[PDB]
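Position in the first sequence (from 1) plus 96 gives the number in my numbering.
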Amino acid sequence: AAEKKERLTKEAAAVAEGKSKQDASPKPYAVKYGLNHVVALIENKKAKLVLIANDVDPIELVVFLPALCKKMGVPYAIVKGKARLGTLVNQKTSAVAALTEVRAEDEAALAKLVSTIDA
RNA sequence: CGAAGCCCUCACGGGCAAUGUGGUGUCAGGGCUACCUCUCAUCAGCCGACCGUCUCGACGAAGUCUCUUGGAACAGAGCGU
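Pasting the structure below:
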């Protein structure tokens, strides 16, 4: 798909950007965990942004995140490193999956970043 | 529902696990909502016995009487337990 630059990947993992503000929103309020829960939020538009790891396995769990993000109209970003977005949510283990329903606090950098993607 | 979970270790500590441990649930059910009733089931844990098929072992009654045959009576006939 689109290629992220390792600059955007900083700022918000949930947003097009890479994780940073994404740690915010857990401390502030709202997030998701894995693919399963994250998928639900898109379904019932709750998440502003959700992220996806680039690596992925052949998991193809994250296979229908796009198209089923772009219907709902939920912007979602690519991060590199499943671990990277795994760590921002408080998770010892990495997760290919996504997030931020509410985007507390960073209703700011988040959404600014979304603009960067799909500029 | 979403880490509330599991394994190893006395512990310390380590490992697994959101690519989902665990809870719920599985064609009579459950959940959620609004009520009625009640818990007596289930599940976790505590304490914690009585009595008593297979094999082995102990103790254990009453003739070693007569005659005949015989190498030998455990035989025949007689008497008795």
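Idealized CB from N, CA, C, for every residue including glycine.
To the nearest angstrom, how far is it from the Cα of residue i to the Cα of residue j?
i: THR105; j: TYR125; result: 22 Å
i: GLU156; j: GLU197; result: 22 Å
i: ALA205; j: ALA108; result: 7 Å
i: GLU113; j: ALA143; result: 15 Å
i: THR189; j: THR183; result: 7 Å
Between the Cα of residue i and those of the options, spot the shortest distance and give me the residue it belongs to.
i: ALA191; options: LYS101, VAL127, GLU139 and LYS142; result: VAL127
i: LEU131; options: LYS123, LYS117 and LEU161; result: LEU161
i: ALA215; options: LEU181, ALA173 and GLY177; result: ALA173
i: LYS178; options: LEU147, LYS100 and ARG199; result: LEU147
i: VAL152; options: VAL135, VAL175 and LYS208; result: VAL175
Along the chain, where does the alpha helix (DSSP H) containing residue i start, and where does it finish?
i: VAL111; result: That residue, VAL111, is in no alpha helix (DSSP H); it is neither H nor E in DSSP.
i: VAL210; result: 205-212
i: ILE155; result: Note, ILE155: premise wrong, no alpha helix (DSSP H); not H, not E.
i: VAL175; result: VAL175 -> not in any alpha helix (DSSP H); beta strand (DSSP E) instead, spanning 172-175.
i: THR183; result: 180-183
i: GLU139; result: 131-139
Assuming residue i and residue j are in contact, meaning their beta carbons sit under 8 Å apart, how far apart are those beta carbons, in whole angstroms?
i: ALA110; j: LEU164; result: The Cβ separation is near 17 Å, so there is no contact.
i: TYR129; j: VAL210; result: Not quite, the Cβ-Cβ distance comes to about 21 Å (not below 8 Å), so this is no contact.
i: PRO122; j: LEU145; result: No, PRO122 and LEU145 are not in contact; Cβ-Cβ is about 13 Å, not under 8 Å.
i: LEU181; j: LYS115; result: 5 Å
Apart from the five residues just before and just after residue i, which ones in its own chain have a Cβ nearer than 8 Å to its Cβ?
i: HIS133; result: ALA193
i: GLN187; result: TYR129
So, for residue i: in the same chain, excluding its five sequence neighbours on each side, which residues have a beta-carbon less than 6 Å away from its beta-carbon?
i: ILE138; result: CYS165, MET168 and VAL170
Please confirm whether any heavy atom of the ligand COA lies closer than 7 Å to the CB of residue i.
i: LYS101; result: Because no ligand of any kind appears in the structure shown, any question about the ligand COA cannot be addressed here.
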